[PDB]
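The block underneath contains the structure these notes are about, expressed in structure tokens.
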Amino acid sequence: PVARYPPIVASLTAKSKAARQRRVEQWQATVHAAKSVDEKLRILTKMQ
Amino acid sequence: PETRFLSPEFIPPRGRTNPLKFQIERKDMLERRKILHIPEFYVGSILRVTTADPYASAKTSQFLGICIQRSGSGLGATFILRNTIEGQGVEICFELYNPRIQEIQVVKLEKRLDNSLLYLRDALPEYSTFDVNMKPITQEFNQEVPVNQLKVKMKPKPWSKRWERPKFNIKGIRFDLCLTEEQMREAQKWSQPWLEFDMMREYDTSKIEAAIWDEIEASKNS
Amino acid sequence: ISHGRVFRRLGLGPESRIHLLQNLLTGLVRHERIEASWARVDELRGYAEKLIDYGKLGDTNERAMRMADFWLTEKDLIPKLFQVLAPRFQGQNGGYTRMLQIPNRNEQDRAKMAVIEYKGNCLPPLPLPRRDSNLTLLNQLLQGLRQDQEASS
Amino acid sequence: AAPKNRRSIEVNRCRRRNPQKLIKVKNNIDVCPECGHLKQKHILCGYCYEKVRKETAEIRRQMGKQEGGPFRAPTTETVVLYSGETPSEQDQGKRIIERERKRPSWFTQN
Amino acid sequence: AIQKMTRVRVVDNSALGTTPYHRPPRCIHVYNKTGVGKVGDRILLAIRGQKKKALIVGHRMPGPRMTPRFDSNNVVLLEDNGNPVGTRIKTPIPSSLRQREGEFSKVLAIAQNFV
Amino acid sequence: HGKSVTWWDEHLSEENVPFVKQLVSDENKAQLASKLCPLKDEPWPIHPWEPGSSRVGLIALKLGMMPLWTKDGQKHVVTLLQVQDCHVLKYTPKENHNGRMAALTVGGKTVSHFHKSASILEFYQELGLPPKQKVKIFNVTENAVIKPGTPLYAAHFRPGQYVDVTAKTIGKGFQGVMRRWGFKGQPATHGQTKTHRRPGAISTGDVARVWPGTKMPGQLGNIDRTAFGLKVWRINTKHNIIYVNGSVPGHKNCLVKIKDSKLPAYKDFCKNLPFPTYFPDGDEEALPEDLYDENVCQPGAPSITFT
RNA sequence: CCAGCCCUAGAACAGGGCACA
RNA sequence: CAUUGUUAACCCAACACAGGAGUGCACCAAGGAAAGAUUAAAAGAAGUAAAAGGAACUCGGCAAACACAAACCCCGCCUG
Ligand SMILES: [Mg+2]
Ligand SMILES: [Mg+2]
Ligand SMILES: [Mg+2]
Ligand SMILES: [Mg+2]
Ligand SMILES: [Mg+2]
Ligand SMILES: [Mg+2]
Ligand SMILES: [Mg+2]
Ligand SMILES: [Mg+2]
Ligand SMILES: [Mg+2]
Ligand SMILES: [Mg+2]
Ligand SMILES: [Mg+2]
Ligand SMILES: [Mg+2]
Ligand SMILES: [Mg+2]
Ligand SMILES: [Mg+2]
Ligand SMILES: [Mg+2]
Ligand SMILES: [Mg+2]
Ligand SMILES: [Mg+2]
Ligand SMILES: [Mg+2]
Ligand SMILES: [Mg+2]
Ligand SMILES: [Mg+2]
Ligand SMILES: [Mg+2]
Ligand SMILES: [Mg+2]
Ligand SMILES: [Mg+2]
Ligand SMILES: [Zn+2]
């Protein structure tokens with residue numbers, strides 16, 4: 001009775017810059033959902 | 001409201017056979033049904049078939065059992081009946097339009113959760129034992145063939161086939177008690193999700209069913 | 001033996017073929033006219049016909065909704081598919097696409113290439129091979145034969 | 001396996017000059033009545049297809065420049081018009097592409 | 001289809017069919033010219049480490065139409081002279097065996113169930 | 001002058017193509033309607049049946065397979081052969097064909113004029129019939145000759161008879177030896193390297209060659225095969241269908257040459273059958289819709305039970 | 001007669017279809 | 001306020017080689033593409049599935065397998 005459409009976000013496993021930005025947003029949301037500041041800093045600084 | 005029920009045998013195959021053969025076979029099977037009353041039944045319903053056997057005491061031989069599977073196209077439709085007799089399970093593949101059939105009586109019109117419940121060979125004997133002298137159950141048309149949601153147990157591995165593979169797509173088996181999470185994850189490696197969205201391997205026979213229904217109505221009015 | 005088969009092998013297997021056809025169909029829905037290999041386009045013709053048949057089936061049909069969700073990779077095409085292509089194809093039954101073999105590709109592969117196009121698009125018309133005019137010699141003789149047949153009845 | 005003797009030039013010619021290996025002459029060649037170039041009887045004209053491809057590339061470039069986003073697709077019908085043209089009542093309500101170039105001869109109004 | 005090295009189950013009440021053994025009763029040789037035996041073909045068995053004859057009652061392979069297909073290769077013991085050494089048969093028996101009564105007379109005379 | 005290739009659709013117009021299709025279609029229809037009554041125009045003198053005589057055959061279309069139950073409870077498998085269009089094209093005399101038996105030329109179903117050559121189209125124009133797909137020759141005796149241009153009906157055979165069937169089997173292409181001749185292969189994994197399906201040795205040592213009759217991989221399937229002694233059960237007159245027992249060589253929707261069984265056990269069975277052919281105009285009586293054999297369990301049956 | 005499009009015909013080459021719909 | 005090393009897709013294998021490569025970082029926020037285009041003959045390699053039988057093949061249950069167990073001998077204490 002109502003049009004149910006999927007979101008217009010870019011794909012996740014693609015090579016495009018929009019897909020890269022979506023993966024960046026995904027790991028940023030992971031950092032947001034992290035509970036303790038210790039784990040937040042760990043995930044933010046695990047890259048060297 | 002009344003829903004039209006077209007028997008599975010009237011559906012012609014996907015091949016490129018000339019439709020005149022299918023028309024002739026449909027005429028012959030309708031003429032056969034004019035004498036032999038083939039009632040309505042689905043996969044899982046319990047039937048009793050009377051066959052003409054020359055080497056028995058009486059010329060008639062009764063056999064009651066649950067319908068395993070129905071397959072075929074036209075005058076060659078077959079259905080398999082399963083019944084446990086004194087601990088020894090027995091499966092007989094009857095033909096719908098065989099002249100040696102005397103009478104078919106559906107004692108319980110009932111569907112199940114799977115279109116092809118061949119797994120009764122691996123199921124427990126409690127689900128294959130059926131009283132031969134059971135009384136026929138009459139139901140109202142407004143029941144709309146109630147689908148029996150019965151989760152079936154399973155004998156330990158190995159089984160007759162690999163019922164855990166996605167190619168079967170079976171829900172009537174209680175897997176959470178017989179299989180483990182590792183086996184469930186491993187069985188998903190043979191899954192082909194694209195075959196459901198392929199949009200081309202489907203068989204659309206709407207107008208075919210319409211024409212067959214019109215022909216059957218004409219034969220009845222004849 | 002390859003008797004009685006309708007699908008041709010493409011890509012790295014069945015799933016790779018499905019993904020290639022999915023990408024080609026997405027490009028076709030997005031651009032309304034694309035060009036690819038002749039076999040790929042001939043295979044994509046039927047899938048495009050079926051996709052148009054599903055799009056014409058309505059918006060609330062969740063079967064067609066999830067079908068378009070699987071096929072159209074770019075989700076900005078599903079509203080387009082349901083509100084541009086499907087509405088403009090209502091009286092037409094199966095004449096939705098047009099496929100034409102173009103000259104071979106200038107690259108060294110020299111592959112057989114075709115172009116597929118949805119009818120009624122906002123693009124310049126392809127140089128379709130048209131029939132000869134009725135003023136030709138044979139066409140005029142056939143018109144005379146037709147006039148004689150009509151006068152005989 | 002190894003060859004036992006050197007094949008003579010006579011047999012070499014008899015092998016690699018047989019009509020099975022010679023390139024056959026294609027007799028389906030015709031001229032395009034529109035531009036006068038060459039084409040086959042079952043294949044579109046290369047020159048006309050190149051013209052159509054250039055025009056389509058220009059039209060798509062302009063319609064993509066109109067949409068500053070990659071996933072911003074038109075939700076309604078689209079119509080392309082050239083210099084010296086105005087959208088009629090049947091062309092109103094749709095997305096409009098405007099080209100500075102005049103409308104070519106092959107492109108029909110419709 | 002019962003062939004060589006098939007583990008069959010003796011049905012008729014006999015000592016060889018009732019007494020347990022550290023090796024299941026396997027097949028020996030199908031007396032038909034084809035190495036595959038069907039319902040109603042004389043067979044040889046090695047039961048409890050000795051030779052004996054038997055008759056195939058039912059197999060697990062799908063056969064002709066309207067023919068019962070059991071879930072276990074049931075066989076009944078038979079002597080060399082053509083007489084079953086057992087007393088009675090409990091499991092069902094395909095009614096197609098009663099076609100050739102001349103060779104299965106005493107074997108079917110002890111049969112209680114006919115399917 | 002490098003003349004190009006030209007087909008019948010290249011120079012026509014959108015308004016002429018359907019006109020041409022209709023002009024050939026109604027022409028073929030009128031021709032088949034004019035050739036529908038051959039016994040009244042000019043039939044050849046019908047000769048009486050002889051013990052050492054033979055009869056002409058038919059060219060039908062293999063539709064498919066069906067089951068057929070007999071009154072004794074048994075079940076046989078029949079194949080449906082549809083006699084769409086059987087016409088006697090030409091007649092070659094005995095002395096001009098074989099010196100022992102005359103030859104009759106029979107044509108199959110109707111095909112298009114737009115794909116046949118000039119000579120075949122000229123022959124069919126002089127005959128007055130549309131072109132046929134498969135053209136076969138039947139060796140008959142000098143007393144069972146029929147005038148060319150006469151149509152034939154599936155009622156040519158009666159319920160209960162033995163026939164022979166000739167056709168091209170399903171051509172499986174260039175297949176291996178295991179599928180062609182049935183040679184056994186080597187074991188799978190006991191060490192065999194690149195030999196799982198090889199034919200092995202093909203000859204001996206001292207012969208220093210291979211014999212001409214050596215079985216080897218090659219073409220498989222596309223060859224004219226003939227099955228003998230197939231019994232016919234049911235004859236449908238309305239749709240011109242013949243029910244032939246057993247397997248019929250040839251894929252479905254293909255042409256199949258049916259003839260009388262030349263087996264020695266059924267050499268003198270053509271006595272009760274119509275000797276020249278089935279003439280529906282001679283008896284002035286319409287046969288039943290389905291001619292069943294004396295043992296076929298008809299669709300309308302009382303569900304026979306043993307006694 | 002074989003441009004092109006199919007085939008239960010086929011490695012290529014060959015063979016059968018493209019009018020009833 | 002001295003001098004020197006700060007590039008790179010790299011080194012060793014005759015090669016832009018499915019090979020040999022020390023240490024610190026997480027398994028992707030970084031790298032790439034198994035397919036030049038067709039048809040889908042035989043044989044060959046790999047994978048998946050297969051009714052009834054479950055080693056009857058074979059020197060050997062070699063490989064494979066919904067199992068991945070228990071025992072008896074010969075030689076060597078065992079790890080190496
Ligand atoms: Mg012993
Ligand atoms: Mg073939
Ligand atoms: Mg083998
Ligand atoms: Mg080795
Ligand atoms: Mg080796
Ligand atoms: Mg190997
Ligand atoms: Mg010699
Ligand atoms: Mg040809
Ligand atoms: Mg550096
Ligand atoms: Mg590559
Ligand atoms: Mg490649
Ligand atoms: Mg490829
Ligand atoms: Mg192969
Ligand atoms: Mg293999
Ligand atoms: Mg396996
Ligand atoms: Mg197996
Ligand atoms: Mg199995
Ligand atoms: Mg051996
Ligand atoms: Mg052994
Ligand atoms: Mg191992
Ligand atoms: Mg082991
Ligand atoms: Mg083990
Ligand atoms: Mg040691
Ligand atoms: Zn041009």
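Starting from 1 in every chain, residues are counted up; chains themselves are A, B, ... following the order of the structure tokens, and ligands are numbered from 1 as listed.
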For ligand 15, list the contacting residues at 8 Å or closer, counting only C-alpha atoms (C1' of nucleotides) and all ligand atoms, as a list in words.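 Answer in the requested format: residues 48, 49, 64 and 65 of chain H.
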Counting only C-alpha atoms (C1' of nucleotides), what is within 12 Å of residue 8 (chain A), bar same-chain residues fewer than 4 positions away, as a PDB file with N, CA, C and O atoms, in the first residue's frame?
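File written: around01.pdb
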ATOM      1  N   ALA A  18      33.033   7.201  -4.185  1.00  0.00           N
ATOM      2  CA  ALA A  18      31.867   7.203  -3.308  1.00  0.00           C
ATOM      3  C   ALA A  18      31.852   5.966  -2.419  1.00  0.00           C
ATOM      4  O   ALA A  18      31.496   6.046  -1.237  1.00  0.00           O
ATOM      5  N   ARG A  22      32.053   5.814   1.586  1.00  0.00           N
ATOM      6  CA  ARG A  22      31.096   5.068   2.394  1.00  0.00           C
ATOM      7  C   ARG A  22      31.806   4.143   3.376  1.00  0.00           C
ATOM      8  O   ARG A  22      31.363   3.989   4.517  1.00  0.00           O
TER       9      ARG A  22
ATOM     10  N   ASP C  69      15.911  -4.158  -7.005  1.00  0.00           N
ATOM     11  CA  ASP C  69      16.967  -3.905  -6.030  1.00  0.00           C
ATOM     12  C   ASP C  69      18.180  -4.786  -6.294  1.00  0.00           C
ATOM     13  O   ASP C  69      19.325  -4.341  -6.148  1.00  0.00           O
ATOM     14  N   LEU C  72      19.358  -3.544 -10.592  1.00  0.00           N
ATOM     15  CA  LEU C  72      19.880  -2.189 -10.711  1.00  0.00           C
ATOM     16  C   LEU C  72      20.836  -1.914  -9.559  1.00  0.00           C
ATOM     17  O   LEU C  72      20.409  -1.754  -8.411  1.00  0.00           O
ATOM     18  N   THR C  73      22.134  -1.870  -9.863  1.00  0.00           N
ATOM     19  CA  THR C  73      23.131  -1.617  -8.829  1.00  0.00           C
ATOM     20  C   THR C  73      23.010  -0.199  -8.286  1.00  0.00           C
ATOM     21  O   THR C  73      22.935   0.007  -7.070  1.00  0.00           O
ATOM     22  N   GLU C  74      22.995   0.792  -9.173  1.00  0.00           N
ATOM     23  CA  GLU C  74      22.777   2.174  -8.764  1.00  0.00           C
ATOM     24  C   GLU C  74      21.311   2.354  -8.391  1.00  0.00           C
ATOM     25  O   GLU C  74      20.427   2.237  -9.245  1.00  0.00           O
ATOM     26  N   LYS C  75      21.047   2.645  -7.116  1.00  0.00           N
ATOM     27  CA  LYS C  75      19.671   2.735  -6.641  1.00  0.00           C
ATOM     28  C   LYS C  75      18.940   3.966  -7.158  1.00  0.00           C
ATOM     29  O   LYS C  75      17.725   4.068  -6.956  1.00  0.00           O
ATOM     30  N   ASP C  76      19.633   4.894  -7.812  1.00  0.00           N
ATOM     31  CA  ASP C  76      18.971   6.038  -8.425  1.00  0.00           C
ATOM     32  C   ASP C  76      18.272   5.682  -9.729  1.00  0.00           C
ATOM     33  O   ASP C  76      17.715   6.574 -10.379  1.00  0.00           O
ATOM     34  N   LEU C  77      18.290   4.410 -10.129  1.00  0.00           N
ATOM     35  CA  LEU C  77      17.611   3.966 -11.337  1.00  0.00           C
ATOM     36  C   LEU C  77      16.265   3.314 -11.063  1.00  0.00           C
ATOM     37  O   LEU C  77      15.402   3.322 -11.947  1.00  0.00           O
ATOM     38  N   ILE C  78      16.067   2.754  -9.866  1.00  0.00           N
ATOM     39  CA  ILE C  78      14.798   2.092  -9.559  1.00  0.00           C
ATOM     40  C   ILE C  78      13.624   3.064  -9.601  1.00  0.00           C
ATOM     41  O   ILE C  78      12.607   2.740 -10.238  1.00  0.00           O
ATOM     42  N   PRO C  79      13.678   4.244  -8.964  1.00  0.00           N
ATOM     43  CA  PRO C  79      12.595   5.215  -9.189  1.00  0.00           C
ATOM     44  C   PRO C  79      12.462   5.604 -10.648  1.00  0.00           C
ATOM     45  O   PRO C  79      11.341   5.735 -11.154  1.00  0.00           O
TER      46      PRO C  79
ATOM     47  N   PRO D  70      26.708  12.338  -8.928  1.00  0.00           N
ATOM     48  CA  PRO D  70      26.802  11.090  -9.700  1.00  0.00           C
ATOM     49  C   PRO D  70      25.539  10.252  -9.636  1.00  0.00           C
ATOM     50  O   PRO D  70      25.179   9.608 -10.629  1.00  0.00           O
ATOM     51  N   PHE D  71      24.849  10.242  -8.495  1.00  0.00           N
ATOM     52  CA  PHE D  71      23.632   9.463  -8.318  1.00  0.00           C
ATOM     53  C   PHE D  71      22.375  10.320  -8.407  1.00  0.00           C
ATOM     54  O   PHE D  71      21.337   9.948  -7.847  1.00  0.00           O
ATOM     55  N   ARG D  72      22.446  11.457  -9.091  1.00  0.00           N
ATOM     56  CA  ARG D  72      21.293  12.335  -9.279  1.00  0.00           C
ATOM     57  C   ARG D  72      20.751  12.076 -10.681  1.00  0.00           C
ATOM     58  O   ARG D  72      21.170  12.697 -11.658  1.00  0.00           O
ATOM     59  N   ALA D  73      19.815  11.143 -10.773  1.00  0.00           N
ATOM     60  CA  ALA D  73      19.202  10.741 -12.026  1.00  0.00           C
ATOM     61  C   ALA D  73      17.856  11.430 -12.213  1.00  0.00           C
ATOM     62  O   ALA D  73      17.149  11.701 -11.238  1.00  0.00           O
TER      63      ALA D  73
END
Could you work out which residues of chain H fall inside 6 Å of chain C? Count only C-alpha atoms (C1' of nucleotides), and format the result as number ranges by chain. H: 35-37
May I have the residues within 9 Å of ligand 19, computed using only C-alpha atoms (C1' of nucleotides) and all ligand atoms, as an MDAnalysis selection string? chainID H and resid 55:58
Residue selection dump (C-alpha atoms (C1' of nucleotides)) as a PDB file, in the first residue's frame:
ATOM      1  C1'   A H  55      36.670 -51.624  -1.592  1.00  0.00           C
ATOM      2  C1'   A H  56      33.711 -56.338  -4.930  1.00  0.00           C
ATOM      3  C1'   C H  57      39.222 -52.079  -8.597  1.00  0.00           C
ATOM      4  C1'   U H  58      44.042 -52.128  -7.165  1.00  0.00           C
TER       5        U H  58
END
Kindly assemble as a Markdown table a list of the chain F residues that lie within 12 Å of chain D, each paired with its nearest atom pair and their distance in Å to one decimal, using only C-alpha atoms, sorted first by chain and then by ascending residue number.
| residue | atom | partner | partner_atom | distance |
| --- | --- | --- | --- | --- |
| F:1 | CA | D:27 | CA | 11.1 |
| F:2 | CA | D:27 | CA | 7.4 |
| F:3 | CA | D:27 | CA | 7.4 |
| F:4 | CA | D:27 | CA | 5.2 |
| F:5 | CA | D:28 | CA | 6.3 |
| F:6 | CA | D:28 | CA | 8.9 |
| F:7 | CA | D:41 | CA | 11.0 |
| F:9 | CA | D:41 | CA | 11.8 |
| F:10 | CA | D:41 | CA | 9.0 |
| F:11 | CA | D:41 | CA | 11.7 |
